[PDB]
>>> print(open('start_15.txt').read())   # compact mmCIF, C-alpha atoms and all ligand atoms
# COMPACT_ATOMS: atom_id res chain seq x y z
CA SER F 3 -3.12 -16.04 10.46
CA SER F 4 -4.82 -12.67 10.15
CA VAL F 5 -3.88 -9.14 11.20
CA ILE F 6 -6.42 -6.48 12.12
CA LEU F 7 -5.77 -3.10 10.52
CA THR F 8 -6.75 0.43 11.54
CA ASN F 9 -8.08 2.81 8.88
CA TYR F 10 -6.86 6.38 9.18
CA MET F 11 -8.79 8.85 6.98
CA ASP F 12 -9.08 6.30 4.15
CA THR F 13 -5.46 7.15 3.26
CA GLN F 14 -3.40 5.06 5.68
CA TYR F 15 -3.98 1.41 6.66
CA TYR F 16 -1.83 -0.29 9.28
CA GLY F 17 -1.70 -3.07 11.82
CA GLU F 18 0.67 -3.98 14.64
CA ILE F 19 3.73 -6.17 14.94
CA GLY F 20 6.09 -6.91 17.80
CA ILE F 21 9.87 -6.73 17.51
CA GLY F 22 12.47 -8.08 19.93
CA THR F 23 12.33 -9.54 23.43
CA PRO F 24 10.29 -8.40 25.15
CA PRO F 25 8.24 -7.33 22.12
CA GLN F 26 8.37 -3.66 21.14
CA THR F 27 5.09 -2.73 19.44
CA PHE F 28 4.91 -0.82 16.14
CA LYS F 29 2.16 0.37 13.79
CA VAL F 30 3.10 -0.68 10.26
CA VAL F 31 1.71 -0.55 6.74
CA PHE F 32 1.75 -3.91 4.92
CA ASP F 33 2.98 -2.71 1.57
CA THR F 34 2.99 -4.85 -1.58
CA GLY F 35 4.78 -1.95 -3.25
CA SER F 36 8.08 -2.47 -1.40
CA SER F 37 10.08 -5.42 -0.02
CA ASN F 38 11.92 -4.30 3.12
CA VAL F 39 10.88 -4.14 6.75
CA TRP F 40 11.72 -1.04 8.83
CA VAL F 41 10.73 0.89 11.95
CA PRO F 42 12.08 4.15 13.43
CA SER F 43 15.24 3.67 15.49
CA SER F 44 16.17 4.87 18.96
CA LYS F 45 19.41 5.95 17.29
CA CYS F 46 17.41 8.44 15.23
CA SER F 47 18.44 11.99 16.16
CA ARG F 48 15.62 13.81 17.90
CA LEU F 49 16.32 16.73 15.55
CA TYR F 50 14.15 14.55 13.28
CA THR F 51 10.81 15.56 14.73
CA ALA F 52 9.24 12.50 13.07
CA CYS F 53 11.30 10.40 15.49
CA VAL F 54 9.98 12.34 18.45
CA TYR F 55 6.41 11.47 17.36
CA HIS F 56 6.77 7.73 16.66
CA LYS F 57 7.64 4.51 18.43
CA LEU F 58 11.41 3.92 18.30
CA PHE F 59 12.99 0.46 18.33
CA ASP F 60 15.70 0.30 20.97
CA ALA F 61 18.07 -2.60 20.35
CA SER F 62 19.55 -2.20 23.84
CA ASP F 63 16.25 -3.43 25.33
CA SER F 64 15.98 -6.60 23.23
CA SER F 65 17.85 -9.73 24.29
CA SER F 66 17.10 -11.45 20.97
CA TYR F 67 18.69 -8.65 18.93
CA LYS F 68 21.46 -9.45 16.45
CA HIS F 69 23.65 -6.64 15.13
CA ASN F 70 24.43 -6.20 11.44
CA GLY F 71 24.87 -2.50 10.74
CA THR F 72 24.75 -2.36 6.96
CA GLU F 73 23.41 0.98 5.82
CA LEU F 74 20.44 1.25 3.52
CA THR F 75 18.14 3.82 2.04
CA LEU F 76 14.53 3.16 1.13
CA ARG F 77 12.97 5.33 -1.55
CA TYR F 78 9.20 5.57 -1.83
CA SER F 79 7.27 7.76 -4.26
CA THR F 80 6.32 10.22 -1.52
CA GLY F 81 9.41 10.15 0.66
CA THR F 82 12.65 8.57 1.79
CA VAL F 83 14.11 6.92 4.87
CA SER F 84 17.65 5.92 5.73
CA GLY F 85 19.31 3.83 8.42
CA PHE F 86 20.91 0.44 9.05
CA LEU F 87 20.06 -3.26 9.10
CA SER F 88 19.41 -5.25 12.24
CA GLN F 89 17.95 -8.67 13.03
CA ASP F 90 15.40 -9.71 15.66
CA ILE F 91 12.27 -11.76 16.24
CA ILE F 92 9.17 -10.24 14.71
CA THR F 93 5.63 -11.19 15.69
CA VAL F 94 2.94 -10.90 13.02
CA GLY F 95 -0.58 -12.15 13.71
CA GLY F 96 0.56 -14.91 16.05
CA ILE F 97 3.38 -15.97 13.75
CA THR F 98 6.93 -15.47 14.99
CA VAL F 99 9.78 -15.09 12.52
CA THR F 100 13.41 -14.17 12.81
CA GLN F 101 13.78 -11.20 10.45
CA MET F 102 16.29 -8.67 9.15
CA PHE F 103 14.88 -5.12 9.11
CA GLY F 104 15.89 -1.51 8.85
CA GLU F 105 16.36 0.67 11.92
CA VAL F 106 15.66 4.12 10.49
CA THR F 107 17.79 7.00 11.77
CA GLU F 108 16.78 9.62 9.19
CA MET F 109 13.04 10.19 8.87
CA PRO F 110 12.02 13.51 7.19
CA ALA F 111 9.31 15.62 8.87
CA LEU F 112 7.58 15.79 5.49
CA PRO F 113 5.95 13.47 5.04
CA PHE F 114 6.58 11.30 8.10
CA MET F 115 5.16 13.71 10.65
CA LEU F 116 1.96 13.05 8.70
CA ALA F 117 2.19 9.27 9.14
CA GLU F 118 -0.05 7.63 11.72
CA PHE F 119 2.03 4.45 11.39
CA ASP F 120 5.61 4.05 12.60
CA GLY F 121 7.07 1.73 10.00
CA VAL F 122 6.53 -0.46 6.97
CA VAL F 123 6.46 -4.19 6.32
CA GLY F 124 7.24 -4.85 2.67
CA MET F 125 5.16 -7.61 1.09
CA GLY F 126 6.95 -7.50 -2.28
CA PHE F 127 9.45 -9.93 -3.80
CA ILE F 128 13.09 -10.29 -2.77
CA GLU F 129 14.03 -9.18 -6.28
CA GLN F 130 13.06 -5.68 -5.12
CA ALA F 131 14.55 -5.83 -1.62
CA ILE F 132 17.16 -3.17 -0.99
CA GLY F 133 20.31 -4.80 0.32
CA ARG F 134 18.92 -8.07 -1.03
CA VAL F 135 17.40 -8.77 2.42
CA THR F 136 14.98 -11.72 2.60
CA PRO F 137 11.37 -10.36 2.66
CA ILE F 138 9.33 -11.26 5.76
CA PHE F 139 6.67 -13.26 3.87
CA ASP F 140 9.38 -15.44 2.32
CA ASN F 141 10.72 -16.15 5.78
CA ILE F 142 7.25 -17.04 7.04
CA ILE F 143 6.79 -19.40 4.12
CA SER F 144 10.04 -21.21 4.91
CA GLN F 145 8.37 -22.27 8.15
CA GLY F 146 5.96 -24.47 6.23
CA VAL F 147 3.03 -23.43 8.38
CA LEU F 148 0.70 -21.39 6.17
CA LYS F 149 -2.00 -23.41 4.39
CA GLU F 150 -1.31 -21.48 1.17
CA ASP F 151 1.47 -19.47 -0.45
CA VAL F 152 -0.73 -16.38 -0.53
CA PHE F 153 -1.89 -13.36 1.43
CA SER F 154 -4.99 -11.19 1.01
CA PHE F 155 -6.03 -7.61 1.76
CA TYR F 156 -9.33 -6.10 2.85
CA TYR F 157 -9.45 -2.30 3.25
CA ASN F 158 -12.70 -1.02 4.70
CA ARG F 159 -14.22 2.39 4.09
CA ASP F 160 -13.72 4.75 7.04
CA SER F 161 -16.28 4.60 9.86
CA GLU F 162 -17.13 5.01 13.56
CA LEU F 165 -12.71 -2.82 11.49
CA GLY F 166 -10.41 -0.59 9.46
CA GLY F 167 -9.03 -3.48 7.44
CA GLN F 168 -7.66 -7.03 7.46
CA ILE F 169 -4.67 -8.87 6.05
CA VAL F 170 -4.76 -12.66 5.92
CA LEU F 171 -1.51 -14.59 5.78
CA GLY F 172 -1.96 -17.94 4.02
CA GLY F 173 -5.42 -17.44 2.54
CA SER F 174 -8.52 -15.31 2.10
CA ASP F 175 -11.42 -14.47 4.39
CA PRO F 176 -14.77 -15.33 2.65
CA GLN F 177 -16.37 -12.96 5.14
CA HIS F 178 -15.00 -9.96 3.23
CA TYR F 179 -15.82 -10.63 -0.43
CA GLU F 180 -18.56 -12.08 -2.60
CA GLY F 181 -18.65 -13.81 -5.96
CA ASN F 182 -15.43 -15.53 -6.91
CA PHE F 183 -12.00 -14.17 -7.63
CA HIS F 184 -10.80 -13.29 -11.12
CA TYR F 185 -7.10 -13.67 -11.62
CA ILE F 186 -4.52 -11.91 -13.70
CA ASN F 187 -0.98 -13.23 -14.06
CA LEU F 188 1.98 -11.01 -13.20
CA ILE F 189 3.96 -9.52 -16.06
CA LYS F 190 6.79 -11.23 -14.19
CA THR F 191 7.57 -12.58 -10.72
CA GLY F 192 9.51 -10.10 -8.58
CA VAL F 193 6.89 -7.34 -8.83
CA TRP F 194 3.19 -7.23 -7.94
CA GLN F 195 2.51 -5.67 -11.32
CA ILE F 196 0.07 -6.72 -14.01
CA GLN F 197 -0.92 -5.84 -17.55
CA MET F 198 -3.77 -3.35 -17.85
CA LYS F 199 -5.64 -3.55 -21.14
CA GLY F 200 -7.34 -0.18 -20.82
CA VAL F 201 -8.79 2.67 -18.82
CA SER F 202 -12.14 4.30 -19.52
CA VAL F 203 -13.96 7.35 -18.18
CA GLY F 204 -17.66 7.05 -18.85
CA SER F 205 -18.30 5.43 -22.23
CA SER F 206 -14.98 5.85 -24.04
CA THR F 207 -11.72 3.98 -23.47
CA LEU F 208 -9.88 7.27 -23.94
CA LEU F 209 -6.90 6.01 -21.91
CA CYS F 210 -4.35 3.18 -21.83
CA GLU F 211 -5.28 1.91 -25.29
CA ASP F 212 -2.70 -0.56 -26.61
CA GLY F 213 -2.32 -1.57 -22.96
CA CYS F 214 -0.31 -0.32 -19.98
CA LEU F 215 1.06 -1.41 -16.58
CA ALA F 216 -0.70 -1.64 -13.22
CA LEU F 217 1.12 -1.84 -9.90
CA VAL F 218 -1.25 -3.30 -7.29
CA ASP F 219 0.07 -1.38 -4.28
CA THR F 220 -1.36 -1.86 -0.77
CA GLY F 221 1.10 0.77 0.50
CA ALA F 222 -0.30 3.48 -1.78
CA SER F 223 -3.24 5.67 -0.71
CA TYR F 224 -4.69 6.28 -4.15
CA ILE F 225 -4.95 5.13 -7.74
CA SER F 226 -2.20 6.89 -9.69
CA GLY F 227 -1.17 7.32 -13.31
CA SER F 228 1.50 9.23 -15.24
CA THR F 229 1.11 13.02 -15.20
CA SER F 230 0.21 12.71 -18.87
CA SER F 231 -2.47 10.08 -18.29
CA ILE F 232 -3.93 11.92 -15.30
CA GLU F 233 -4.04 15.31 -17.04
CA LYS F 234 -6.18 13.57 -19.65
CA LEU F 235 -8.36 11.69 -17.17
CA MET F 236 -8.87 14.78 -15.04
CA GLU F 237 -9.78 17.13 -17.88
CA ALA F 238 -12.46 14.59 -18.75
CA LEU F 239 -13.72 14.89 -15.18
CA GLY F 240 -13.39 18.65 -15.38
CA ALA F 241 -11.09 18.45 -12.39
CA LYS F 242 -8.84 21.37 -11.43
CA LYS F 243 -5.21 20.53 -10.70
CA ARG F 244 -3.55 21.59 -7.46
CA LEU F 245 -0.05 21.18 -6.05
CA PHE F 246 -0.59 17.70 -4.60
CA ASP F 247 -4.06 16.70 -5.81
CA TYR F 248 -6.99 17.37 -8.12
CA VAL F 249 -10.26 18.82 -6.89
CA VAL F 250 -13.78 19.38 -8.10
CA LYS F 251 -16.52 21.65 -6.79
CA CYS F 252 -18.00 19.51 -4.01
CA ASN F 253 -21.48 19.85 -5.51
CA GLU F 254 -20.08 18.26 -8.65
CA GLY F 255 -18.79 15.13 -6.96
CA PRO F 256 -22.00 13.03 -7.25
CA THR F 257 -22.32 13.88 -10.96
CA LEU F 258 -18.84 12.65 -11.94
CA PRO F 259 -18.78 9.64 -14.33
CA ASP F 260 -17.63 6.07 -13.67
CA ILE F 261 -14.02 5.05 -14.21
CA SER F 262 -13.21 1.52 -15.27
CA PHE F 263 -9.96 -0.39 -15.34
CA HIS F 264 -9.76 -3.26 -17.79
CA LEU F 265 -7.84 -5.96 -15.94
CA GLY F 266 -7.37 -9.49 -17.26
CA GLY F 267 -10.59 -9.55 -19.25
CA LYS F 268 -12.93 -8.00 -16.67
CA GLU F 269 -14.12 -4.44 -16.09
CA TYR F 270 -13.42 -3.10 -12.59
CA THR F 271 -15.57 -0.01 -12.24
CA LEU F 272 -15.44 2.77 -9.66
CA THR F 273 -18.25 5.22 -8.98
CA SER F 274 -17.77 8.90 -8.12
CA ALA F 275 -18.63 7.80 -4.59
CA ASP F 276 -15.67 5.43 -4.87
CA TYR F 277 -13.10 8.06 -5.87
CA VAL F 278 -14.13 11.46 -4.51
CA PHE F 279 -13.81 12.50 -0.88
CA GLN F 280 -17.34 13.84 -0.67
CA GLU F 281 -17.00 15.77 2.59
CA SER F 282 -19.65 18.27 1.53
CA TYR F 283 -22.09 19.11 -1.26
CA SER F 284 -21.38 22.84 -1.13
CA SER F 285 -20.54 24.49 -4.45
CA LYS F 286 -18.42 26.90 -2.41
CA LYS F 287 -16.05 24.15 -1.27
CA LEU F 288 -13.51 22.01 -3.09
CA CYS F 289 -13.51 18.23 -2.80
CA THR F 290 -10.37 16.17 -3.43
CA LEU F 291 -10.20 13.07 -5.63
CA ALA F 292 -8.66 9.80 -4.45
CA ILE F 293 -6.75 9.63 -7.76
CA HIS F 294 -3.36 11.27 -8.29
CA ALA F 295 -0.67 11.82 -10.89
CA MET F 296 2.41 9.86 -9.85
CA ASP F 297 5.28 9.43 -12.29
CA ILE F 298 6.89 6.12 -11.35
CA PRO F 299 10.41 5.63 -12.82
CA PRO F 300 11.96 2.54 -14.47
CA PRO F 301 12.32 -0.25 -14.26
CA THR F 302 8.94 -0.52 -12.49
CA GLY F 303 7.44 2.53 -14.19
CA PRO F 304 5.99 4.26 -16.08
CA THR F 305 3.05 2.39 -14.56
CA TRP F 306 -0.37 3.08 -13.08
CA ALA F 307 -0.70 2.24 -9.41
CA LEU F 308 -3.80 0.66 -7.89
CA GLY F 309 -3.81 1.58 -4.21
CA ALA F 310 -6.28 1.86 -1.35
CA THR F 311 -8.86 3.60 -3.54
CA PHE F 312 -9.13 0.43 -5.69
CA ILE F 313 -8.58 -2.14 -2.95
CA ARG F 314 -11.44 -0.64 -0.93
CA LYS F 315 -13.85 -1.84 -3.60
CA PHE F 316 -12.01 -5.02 -4.56
CA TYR F 317 -10.76 -7.54 -2.03
CA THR F 318 -7.30 -8.55 -3.21
CA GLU F 319 -5.41 -11.82 -2.99
CA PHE F 320 -1.69 -11.92 -3.70
CA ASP F 321 -0.85 -15.41 -4.93
CA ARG F 322 2.88 -16.11 -4.60
CA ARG F 323 2.68 -19.77 -5.61
CA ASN F 324 1.03 -19.04 -8.95
CA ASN F 325 2.49 -15.55 -9.46
CA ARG F 326 -0.95 -14.01 -9.92
CA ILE F 327 -3.27 -11.49 -8.33
CA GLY F 328 -6.93 -12.10 -7.63
CA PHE F 329 -9.71 -9.56 -7.22
CA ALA F 330 -13.22 -10.07 -5.88
CA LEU F 331 -16.06 -7.77 -4.81
CA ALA F 332 -15.19 -6.56 -1.32
CA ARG F 333 -17.83 -7.24 1.32
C1 LIG T 401 3.95 2.31 3.22
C2 LIG T 401 5.21 2.86 2.55
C3 LIG T 401 4.93 3.29 1.12
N1 LIG T 401 4.85 2.28 0.22
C4 LIG T 401 4.60 2.54 -1.06
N2 LIG T 401 4.53 1.49 -1.89
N3 LIG T 401 4.42 3.79 -1.56
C5 LIG T 401 4.50 4.81 -0.67
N4 LIG T 401 4.34 6.05 -1.18
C6 LIG T 401 4.74 4.64 0.72
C7 LIG T 401 4.56 5.76 1.69
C8 LIG T 401 5.62 6.51 2.27
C9 LIG T 401 5.33 7.56 3.19
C10 LIG T 401 3.99 7.87 3.56
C11 LIG T 401 3.76 9.00 4.55
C12 LIG T 401 2.30 9.31 4.93
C13 LIG T 401 1.18 8.47 4.27
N5 LIG T 401 1.56 7.40 3.32
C14 LIG T 401 0.40 6.65 2.72
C15 LIG T 401 0.22 5.34 3.52
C16 LIG T 401 -0.57 4.21 2.85
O1 LIG T 401 -1.33 3.32 3.65
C17 LIG T 401 -1.99 2.34 2.84
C18 LIG T 401 2.91 7.12 2.98
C19 LIG T 401 3.25 6.08 2.06
>>> encode(input="start_15.txt", output="structure tokens")
Amino acid sequence: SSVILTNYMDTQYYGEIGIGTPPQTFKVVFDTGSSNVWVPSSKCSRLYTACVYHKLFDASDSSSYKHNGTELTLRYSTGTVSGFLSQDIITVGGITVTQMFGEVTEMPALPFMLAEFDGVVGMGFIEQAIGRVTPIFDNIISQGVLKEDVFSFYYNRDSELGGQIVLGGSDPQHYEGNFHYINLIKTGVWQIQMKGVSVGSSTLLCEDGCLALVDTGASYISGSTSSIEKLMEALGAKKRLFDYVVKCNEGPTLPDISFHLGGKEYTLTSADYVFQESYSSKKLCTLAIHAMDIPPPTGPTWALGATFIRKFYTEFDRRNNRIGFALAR
């Protein structure tokens, strides 16, 4: 089973799922960086403008709904949501699974007014599930229907398909060469060992090794403030409140950046990490790489998001607790 995804500004990738009977449609980000499922709730006060602007799940319209009510709070690096647990039938790419999810009743304007999607579908391990709720992929696996215990991601560059997630396998149509795997530091987190980071010809970062969170729910490639300050100075990038910029005319001249993962160099070009929306030396261009201090136990860790996935098709192998990368096509 595959799910078609929409690409919004190269920063948000989402597809649709149905919840309840009849199905209530929602735009959701399939996020390997979290493990819970949630959508905005009809019980969300309209004082929360973000709830006025998104699709709200209304339990009172679903005959397959099952009440639970346990409260939960989901904390992401760029924001937080709070609400309660509910159960209903979810439809994902033709697959139907009974699933427990969060009905969000508190959704902050910043940053959710800026979200094109309504909710999130965690693709992480149950070990990271808030409220110890069974992750949706686990529940789909218990149906013994998928050919393989894996799922893959394809994030296209913006255009005008935006992206594609395959449940149970990979789509040869979107990658060339063969995969190259790296085992997880440990099951429970889509995180792997990173042997080094280099800017141009000089592994001036992550010597001695570091951690890499392969996050489909993250827009950019992130590192610790420390690491990024170093990387950026090398790029001659000026730091702003939320991002780093360069004079647009300097974008094309920026050096390559490579990530040493499992004995293989994954290199990004300036075209791969700068939003070149001009060549003017009188305009600033943002970089698709940010400083993001991720706390323990997961962090400090680097995070490989959409910026990286765009270039490398990614397969998340549950059965072998490994991640595979291949040249996206
Ligand atoms: C998908 C949920 C999510 N997962 C992870 N692992 N990290 C985040 N920072 C967010 C998170 C939260 C709020 C956002 C509000 C606006 C835009 N984004 C970026 C969406 C990424 O699409 C790939 C957001 C991302």
>>> closest_atom_pairs(input="start_15.txt", of="chain F", to="ligand LIG 401 (chain T)", cutoff="7 Å", atoms="all atoms listed in the file", output="JSON lines")
{"residue": "F:13", "atom": "CA", "partner": "T:LIG401", "partner_atom": "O1", "distance": 5.6}
{"residue": "F:14", "atom": "CA", "partner": "T:LIG401", "partner_atom": "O1", "distance": 3.4}
{"residue": "F:15", "atom": "CA", "partner": "T:LIG401", "partner_atom": "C17", "distance": 4.4}
{"residue": "F:16", "atom": "CA", "partner": "T:LIG401", "partner_atom": "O1", "distance": 6.7}
{"residue": "F:31", "atom": "CA", "partner": "T:LIG401", "partner_atom": "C1", "distance": 5.1}
{"residue": "F:32", "atom": "CA", "partner": "T:LIG401", "partner_atom": "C1", "distance": 6.8}
{"residue": "F:33", "atom": "CA", "partner": "T:LIG401", "partner_atom": "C1", "distance": 5.4}
{"residue": "F:34", "atom": "CA", "partner": "T:LIG401", "partner_atom": "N2", "distance": 6.5}
{"residue": "F:35", "atom": "CA", "partner": "T:LIG401", "partner_atom": "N2", "distance": 3.7}
{"residue": "F:36", "atom": "CA", "partner": "T:LIG401", "partner_atom": "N2", "distance": 5.3}
{"residue": "F:78", "atom": "CA", "partner": "T:LIG401", "partner_atom": "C5", "distance": 4.9}
{"residue": "F:79", "atom": "CA", "partner": "T:LIG401", "partner_atom": "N4", "distance": 4.6}
{"residue": "F:80", "atom": "CA", "partner": "T:LIG401", "partner_atom": "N4", "distance": 4.6}
{"residue": "F:81", "atom": "CA", "partner": "T:LIG401", "partner_atom": "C9", "distance": 5.5}
{"residue": "F:113", "atom": "CA", "partner": "T:LIG401", "partner_atom": "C11", "distance": 5.0}
{"residue": "F:114", "atom": "CA", "partner": "T:LIG401", "partner_atom": "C11", "distance": 5.1}
{"residue": "F:116", "atom": "CA", "partner": "T:LIG401", "partner_atom": "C12", "distance": 5.3}
{"residue": "F:117", "atom": "CA", "partner": "T:LIG401", "partner_atom": "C12", "distance": 4.2}
{"residue": "F:122", "atom": "CA", "partner": "T:LIG401", "partner_atom": "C1", "distance": 5.3}
{"residue": "F:219", "atom": "CA", "partner": "T:LIG401", "partner_atom": "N2", "distance": 5.8}
{"residue": "F:220", "atom": "CA", "partner": "T:LIG401", "partner_atom": "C17", "distance": 5.6}
{"residue": "F:221", "atom": "CA", "partner": "T:LIG401", "partner_atom": "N1", "distance": 4.1}
{"residue": "F:222", "atom": "CA", "partner": "T:LIG401", "partner_atom": "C16", "distance": 4.7}
{"residue": "F:223", "atom": "CA", "partner": "T:LIG401", "partner_atom": "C16", "distance": 4.7}
{"residue": "F:310", "atom": "CA", "partner": "T:LIG401", "partner_atom": "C17", "distance": 6.0}
>>> residues_around(input="start_15.txt", residues="stretch 44-54 of chain F", least_positions_apart="6", cutoff="7 Å", atoms="all atoms listed in the file", output="CSV table (one decimal) with C-alpha atoms, keeping the file's coordinate frame")
chain,number,residue,atom,x,y,z
F,60,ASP,CA,15.7,0.3,21.0
F,106,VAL,CA,15.7,4.1,10.5
F,107,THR,CA,17.8,7.0,11.8
F,108,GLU,CA,16.8,9.6,9.2
F,109,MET,CA,13.0,10.2,8.9
F,110,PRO,CA,12.0,13.5,7.2
F,111,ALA,CA,9.3,15.6,8.9
F,114,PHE,CA,6.6,11.3,8.1
F,115,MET,CA,5.2,13.7,10.6
>>> closest_atom_pairs(input="start_15.txt", of="stretch 139-194 of chain F", to="stretch 284-303 of chain F", cutoff="12 Å", atoms="all atoms listed in the file", output="JSON lines")
{"residue": "F:189", "atom": "CA", "partner": "F:302", "partner_atom": "CA", "distance": 10.9}
{"residue": "F:190", "atom": "CA", "partner": "F:302", "partner_atom": "CA", "distance": 11.1}
{"residue": "F:192", "atom": "CA", "partner": "F:302", "partner_atom": "CA", "distance": 10.4}
{"residue": "F:193", "atom": "CA", "partner": "F:302", "partner_atom": "CA", "distance": 8.0}
{"residue": "F:194", "atom": "CA", "partner": "F:302", "partner_atom": "CA", "distance": 9.9}
>>> closest_residue(input="start_15.txt", among="F:138, F:152, F:209, F:21", to="residue F:230", atoms="all atoms listed in the file")
F:209
>>> closest_atom_pairs(input="start_15.txt", of="stretch 182-258 of chain F", to="stretch 265-283 of chain F", cutoff="12 Å", atoms="all atoms listed in the file", output="Markdown table")
| residue | atom | partner | partner_atom | distance |
| --- | --- | --- | --- | --- |
| F:183 | CA | F:268 | CA | 11.0 |
| F:184 | CA | F:268 | CA | 8.0 |
| F:185 | CA | F:266 | CA | 7.0 |
| F:186 | CA | F:266 | CA | 5.2 |
| F:187 | CA | F:266 | CA | 8.1 |
| F:188 | CA | F:266 | CA | 10.3 |
| F:189 | CA | F:266 | CA | 11.4 |
| F:195 | CA | F:265 | CA | 11.3 |
| F:196 | CA | F:265 | CA | 8.2 |
| F:197 | CA | F:265 | CA | 7.1 |
| F:198 | CA | F:265 | CA | 5.2 |
| F:199 | CA | F:265 | CA | 6.1 |
| F:200 | CA | F:265 | CA | 7.6 |
| F:201 | CA | F:265 | CA | 9.1 |
| F:202 | CA | F:271 | CA | 9.1 |
| F:203 | CA | F:271 | CA | 9.6 |
| F:204 | CA | F:271 | CA | 9.9 |
| F:205 | CA | F:271 | CA | 11.7 |
| F:207 | CA | F:269 | CA | 11.5 |
| F:210 | CA | F:265 | CA | 11.4 |
| F:213 | CA | F:265 | CA | 10.0 |
| F:214 | CA | F:265 | CA | 10.2 |
| F:215 | CA | F:265 | CA | 10.0 |
| F:216 | CA | F:265 | CA | 8.8 |
| F:217 | CA | F:265 | CA | 11.6 |
| F:218 | CA | F:265 | CA | 11.2 |
| F:223 | CA | F:277 | CA | 11.4 |
| F:224 | CA | F:277 | CA | 8.8 |
| F:225 | CA | F:277 | CA | 8.9 |
| F:226 | CA | F:277 | CA | 11.6 |
| F:239 | CA | F:274 | CA | 10.1 |
| F:241 | CA | F:278 | CA | 11.0 |
| F:247 | CA | F:278 | CA | 11.4 |
| F:248 | CA | F:278 | CA | 9.9 |
| F:249 | CA | F:278 | CA | 8.6 |
| F:250 | CA | F:278 | CA | 8.7 |
| F:251 | CA | F:283 | CA | 8.2 |
| F:252 | CA | F:283 | CA | 4.9 |
| F:253 | CA | F:283 | CA | 4.4 |
| F:254 | CA | F:283 | CA | 7.7 |
| F:255 | CA | F:278 | CA | 6.4 |
| F:256 | CA | F:274 | CA | 6.0 |
| F:257 | CA | F:274 | CA | 7.3 |
| F:258 | CA | F:274 | CA | 5.5 |
>>> atom_distance(input="start_15.txt", atom1="atom CA of residue F:19", atom2="atom CA of residue F:93")
5.4 Å
>>> closest_residue(input="start_15.txt", among="F:174, F:317, F:131, F:231", to="residue F:150", atoms="only C-alpha atoms")
F:174
>>> closest_residue(input="start_15.txt", among="F:314, F:308, F:141, F:326", to="residue F:178", atoms="all atoms listed in the file")
F:314
>>> closest_residue(input="start_15.txt", among="F:191, F:99, F:56, F:43", to="residue F:146", atoms="all atoms listed in the file")
F:99
>>> residues_around(input="start_15.txt", residues="residue F:319", least_positions_apart="6", cutoff="6 Å", atoms="all atoms listed in the file", output="ChimeraX atom specification")
/F:153-154,327-328
>>> closest_residue(input="start_15.txt", among="F:208, F:112, F:142, F:235", to="residue F:100", atoms="all atoms listed in the file")
F:142
>>> closest_residue(input="start_15.txt", among="F:320, F:17, F:119, F:11", to="residue F:167", atoms="only C-alpha atoms")
F:17
>>> atom_distance(input="start_15.txt", atom1="atom CA of residue F:133", atom2="atom CA of residue F:121")
17.7 Å
>>> atom_distance(input="start_15.txt", atom1="atom CA of residue F:155", atom2="atom CA of residue F:139")
14.1 Å
>>> build_atoms(input="start_15.txt", residues="stretch 81-92 of chain F", atoms="N, CA and C atoms", output="mmCIF file, in the frame of the given file")
data_model
loop_
_atom_site.group_PDB
_atom_site.id
_atom_site.type_symbol
_atom_site.label_atom_id
_atom_site.label_comp_id
_atom_site.auth_asym_id
_atom_site.auth_seq_id
_atom_site.Cartn_x
_atom_site.Cartn_y
_atom_site.Cartn_z
ATOM 1 N N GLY F 81 8.430 9.851 -0.363
ATOM 2 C CA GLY F 81 9.410 10.150 0.660
ATOM 3 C C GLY F 81 10.518 9.118 0.766
ATOM 4 N N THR F 82 11.496 9.429 1.608
ATOM 5 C CA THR F 82 12.650 8.570 1.790
ATOM 6 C C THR F 82 13.056 8.354 3.240
ATOM 7 N N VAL F 83 13.611 7.184 3.529
ATOM 8 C CA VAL F 83 14.110 6.920 4.870
ATOM 9 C C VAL F 83 15.464 6.247 4.745
ATOM 10 N N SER F 84 16.316 6.492 5.729
ATOM 11 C CA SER F 84 17.650 5.920 5.730
ATOM 12 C C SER F 84 18.021 5.433 7.128
ATOM 13 N N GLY F 85 18.875 4.412 7.168
ATOM 14 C CA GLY F 85 19.310 3.830 8.420
ATOM 15 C C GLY F 85 20.211 2.630 8.231
ATOM 16 N N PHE F 86 20.084 1.640 9.112
ATOM 17 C CA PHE F 86 20.910 0.440 9.050
ATOM 18 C C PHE F 86 20.145 -0.844 9.369
ATOM 19 N N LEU F 87 20.670 -1.963 8.888
ATOM 20 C CA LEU F 87 20.060 -3.260 9.100
ATOM 21 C C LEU F 87 20.325 -3.862 10.473
ATOM 22 N N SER F 88 19.323 -4.573 10.970
ATOM 23 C CA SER F 88 19.410 -5.250 12.240
ATOM 24 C C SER F 88 18.577 -6.517 12.099
ATOM 25 N N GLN F 89 18.727 -7.435 13.049
ATOM 26 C CA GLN F 89 17.950 -8.670 13.030
ATOM 27 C C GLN F 89 17.323 -8.919 14.404
ATOM 28 N N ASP F 90 16.086 -9.407 14.414
ATOM 29 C CA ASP F 90 15.400 -9.710 15.660
ATOM 30 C C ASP F 90 14.165 -10.543 15.381
ATOM 31 N N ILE F 91 13.471 -10.961 16.430
ATOM 32 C CA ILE F 91 12.270 -11.760 16.240
ATOM 33 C C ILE F 91 11.066 -10.839 16.049
ATOM 34 N N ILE F 92 10.336 -11.051 14.967
ATOM 35 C CA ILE F 92 9.170 -10.240 14.710
ATOM 36 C C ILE F 92 7.921 -11.093 14.884
#
